[PDB]
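Asker: Give me a 3D structure for the following:
(chains A and B)
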Amino acid sequence: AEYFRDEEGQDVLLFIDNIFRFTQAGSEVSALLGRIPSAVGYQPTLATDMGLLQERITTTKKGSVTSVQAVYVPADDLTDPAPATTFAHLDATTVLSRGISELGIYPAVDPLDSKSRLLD
Amino acid sequence: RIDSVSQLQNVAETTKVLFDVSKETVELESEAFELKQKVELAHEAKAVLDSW
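Answerer: Numbering: from 1, shown residues only, chains lettered A, B, ... in the order given. I have put the structure below:
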């Protein structure tokens, strides 16, 4: 995607899946490398690893790399520190839930909780 | 009954027309396939330029 964007000058409509496996992975090797957990059970380097990742995916002087990232909220509760940190890092959140999907309403996106910082 | 029959006359007119008109539609889709090919060639032309 960076190669597309800069040198070969083409928009990318990037997709990544599931990006919690990326967060959860860093958390596993974090304790063992000696870096004692922080935010309760998570890597203390959560902000910067995200931060580095997100900045690469952007629009510059040429290409526009617009990512669609899946994200997994654990325990169906989104007031927990791992999703909440992420909410900041992402421009155009949507919220989905078990209830809506079961009701027959496809997709399970909630009407008031789908919010963008790109909505003007 | 006269009212009901009059209507049946008109059903017979209107199907005769739909054959011609429908036939016109197929002819229109033929030229349209050539239009689709202009979009592609025009798109490609643009693409070379942007890369240069």
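Asker: So residue B:39 versus residue B:33, what's the distance?
Answerer: 11 Å (CB to CB, to the nearest Å). For the C-beta atoms, the positions are set from N, CA and C on the backbone; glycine is no exception.
Asker: Also residue A:113?
Answerer: 45 Å.
Asker: which of these two has more neighbours?
Answerer: residue A:113 (12 against 8; other CB atoms under 10 Å in any protein chain shown).
Asker: Report the contact partners of the nearest residue to that one once chain neighbours are set aside.
Answerer: Leaving aside its chain neighbours, residue A:113 sits nearest to residue A:95 (3.8 Å; criterion: CB to CB, 6 or more residues apart in numbering or on different chains). Listed by CB atoms under 8 Å, 6 or more residues apart in numbering or on different chains, the contact partners of residue A:95 are A:78, A:109-110, A:113-114.
Asker: gap between residue A:95 and residue A:11?
Answerer: From residue A:95 to residue A:11 the distance is 27 Å (CB to CB).
Asker: And residue B:2, by the same measure?
Answerer: From residue B:2 to residue A:11 the distance is 68 Å (CB to CB).
Asker: Show me the longest helix that occurs in chain A.
Answerer: helix A:19-33 (DSSP state H).
Asker: Return the distance of it from the chain's centre.
Answerer: 15 Å (CA atoms, centre = their mean, to the nearest Å).
Asker: Show me what it is packed up against.
Answerer: In terms of contacts (3 or more CB pairs under 8 Å, 6 or more residues apart in numbering or on different chains; DSSP states H and E), helix A:19-33 is packed against helix A:46-56, helix A:81-89.
Asker: Output these as JSON lines; include the columns distance to residue B:19 and mean neighbour count.
Answerer: Listed next are the helices and strands packed on helix A:19-33 as JSON lines, based on distance: least, CB to CB, whole Å; neighbours: other CB atoms under 10 Å in any protein chain shown:
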{"stretch": "helix A:46-56", "distance to residue B:19": "61", "mean neighbour count": "14"}
{"stretch": "helix A:81-89", "distance to residue B:19": "61", "mean neighbour count": "15"}
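Asker: Please produce JSON lines containing those helices, extended by distance to residue B:44.
Answerer: Output for those, formatted as JSON lines (distance: least, CB to CB, whole Å):
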{"stretch": "helix A:46-56", "distance to residue B:44": "30"}
{"stretch": "helix A:81-89", "distance to residue B:44": "38"}
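Asker: Let's see if you can find the most crowded of the contacts of residue A:95.
Answerer: residue A:78 leads these on contacts (other CB under 10 Å) with 17 neighbours.
Asker: can I assume residue A:96 is in contact with residue A:109?
Answerer: Yes. The criterion here is CB atoms under 8 Å, and residue A:96 meets it with residue A:109 at 5.6 Å.
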